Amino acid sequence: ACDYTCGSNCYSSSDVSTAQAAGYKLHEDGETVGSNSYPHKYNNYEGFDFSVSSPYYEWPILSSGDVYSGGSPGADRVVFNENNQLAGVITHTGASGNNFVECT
């Protein structure tokens, strides 16, 4: 069973942990990857009810199981905060334009 389901993409807790650790490490060194510069601030315009405090940073999680390193980021993202605490897993799938919805 999926721990997080973003549309057709199925992710386990280890998939999320691996992605988060990669993005947080980059955040710490103050470095970015990709043309859209990941990771970067997630403003939470959607107003999701997160259990942890802001600021939030988004980092893409890939269905291939690879750690993001550039190019198309896909539709899924892991959102973590300053203390490397998982805020949630979100996706562009099933959401209008460039909005997000939470993965079930």
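Residues carry their position along the shown sequence, with the first being 1. Note that the rigid core is defined as the largest set of C-alphas that superpose within 1.5 Å between two forms.
Greater average departure of CA atoms from the shown form, over structures and residues in 4 other deposited structures of this protein after a core fit, characterises 43-51 among 73-81 and 43-51. Relative to the shown model and aligned on the rigid core, the C-alphas in 4 other deposited structures of this protein deviate most, among 91-99 and 14-22, for 91-99.
Averaged over CA atoms, B-factors in the entry run higher in 47-55 than in the other of 47-55 and 73-81. The deposited model assigns a higher average Cα B-factor to 21-29 than to the other stretch when 86-94 and 21-29 are compared. In this PDB entry, the Cα temperature factor of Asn36 sits in the bottom third of its chain's modelled residues, the lowest group.
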